[PDB]
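Shown below, as structure tokens, is a lone chain in the form deposited in one PDB entry; questions about how it binds or moves come after it.
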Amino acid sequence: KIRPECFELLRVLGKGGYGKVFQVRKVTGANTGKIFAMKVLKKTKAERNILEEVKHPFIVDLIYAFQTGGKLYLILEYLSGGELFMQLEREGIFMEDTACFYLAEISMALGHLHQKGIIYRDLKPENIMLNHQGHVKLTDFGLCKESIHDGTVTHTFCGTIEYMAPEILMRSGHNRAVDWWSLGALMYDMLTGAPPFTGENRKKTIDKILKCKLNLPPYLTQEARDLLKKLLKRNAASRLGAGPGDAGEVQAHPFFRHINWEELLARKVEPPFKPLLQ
């Protein structure tokens, strides 16, 4: 039987309005000494449900889950590699091979989610973690990681909306196509140093995202520009990935022509950055 006393708290990894995350050490049972991430939620139901259903090398693992008092406890694999964001922040702009690597792993995680009817919605780089090897882990399935909350009910607009598809901002209904939009916004951020549609304030950013007039920098390879054009489109249904092939359609793009998907998935491809060496 698992309970909070089975874990000593080592440090605060993050704290939001609705939850808090610790690095923890288990001190009982056969995983004695094992390090985990512990997320504590003040009761969140769809989050646990998703993690119990998903199982993929590029999606974070859920080890234990329990509730005691008013709190829900998720015990996740500890990811020492930090946020994808941190790497983008240090590098300024990714080389295309670099960007390619991460987008390729991500696209596989998204394939898995969609096959199970799950939508990630928001690929802002602080929502993508790296494991100790430097491989991608999607981690963000909870309510909202923010301190101050937009509106007073729903949590779409709370953090940056710079990677969110037009139809999400409009609340006009949406599907998995939004995730391929967000992949394009992430890809654009990686390659250019900023997301595709930014304003001076909130209102303007939304307006630029809705107008969706893409500026493709001339510096990028032909294959990169063509993929970005195919991802960042207002018409959700016409996005690469929006069709029957889902991730398949995206993975077959020339931009990924050097990817052995078998090797990538087995994590036998060397990540461009190794957190243990940094």
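The first residue of the shown sequence is 1; numbering continues from there. What we label the rigid core is the largest C-alpha set whose atoms superpose within 1.5 Å from one form to the other.
Q.
As a check of understanding, is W180 unmodelled in at least a third of the other compared entries that model its flanking residues?
A. Result for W180: never missing in the compared entries.
(Q) Does at least a third of the other compared PDB entries (those resolving both flanking residues) leave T154 without coordinates? (A) Yes, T154 lacks coordinates in at least a third of the other compared entries.
**Q.** Unmodelled stretch of the deposited sequence separating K43 from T44, binned as none, 1 to 3, 4 to 9 or 10 or more
**A.** Gap between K43 and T44: 10 or more residues without coordinates.
Q) Averaged over C-alpha atoms, is the B-factor higher for 111 to 119 or for 147 to 155 in this PDB entry? A) Comparing 111 to 119 with 147 to 155, the higher average CA B-factor belongs to 147 to 155.
Q) As stated in the PDB record, which stretch has the larger average Cα B-factor, 230 to 238 or 51 to 59? A) The stretch with the larger average C-alpha B-factor is 51 to 59.
Q: Within this chain's modelled residues, let me know which third the CA B factor of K268 belongs to: lowest, middle or highest.
A: Tercile = highest for this residue's CA B-factor.
Q. What third of its chain, lowest, middle or highest, does the C-alpha temperature factor of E83 fall into?
A. It falls in the bottom third of the chain.
Q. Which third of the chain holds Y18 when residues are ordered by C-alpha B factor: lowest, middle or highest?
A. Its C-alpha B-factor belongs to the highest third of this chain's values.
Q. Relative to the other modelled residues in the chain, which third contains the C-alpha temperature factor of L74: lowest, middle or highest?
A. Lowest third - that is where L74 ends up once the chain's C-alpha B-factors are sorted.
(Q) Where does the C-alpha B-factor of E200 rank in its chain, lowest, middle or highest third? (A) For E200, the deposited C-alpha B-factor lands in the highest third.
Another form exists, deposited in another entry; not displayed. Remarks below refer to it.
**Q.** Residue showing a 2 Å-or-more C-alpha displacement between the shown form and the other one once the rigid core is overlaid, selected from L186, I128, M164, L74
**A.** Just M164.
Q) Comparing between the shown form and the other one on the rigid core: C-alpha of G117 shifted by 2 Å or more? A) Where the cores coincide, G117 shows only a C-alpha shift between the shown form and the other one that is less than 2 Å.
Q | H174: Cα shift of 2 Å or greater between the shown form and the other one (core-aligned) | A | Indeed, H174 is displaced by 2 Å or more.
Q. Given a CA distance change of at least 3 Å, are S172 and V250 closer or farther in the other form?
A. Result: closer.
Q.
Please check whether, in the other form, the CA atoms of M164 and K233 lie closer or farther apart than here, given a change of 3 Å or more.
A. So the answer is farther.
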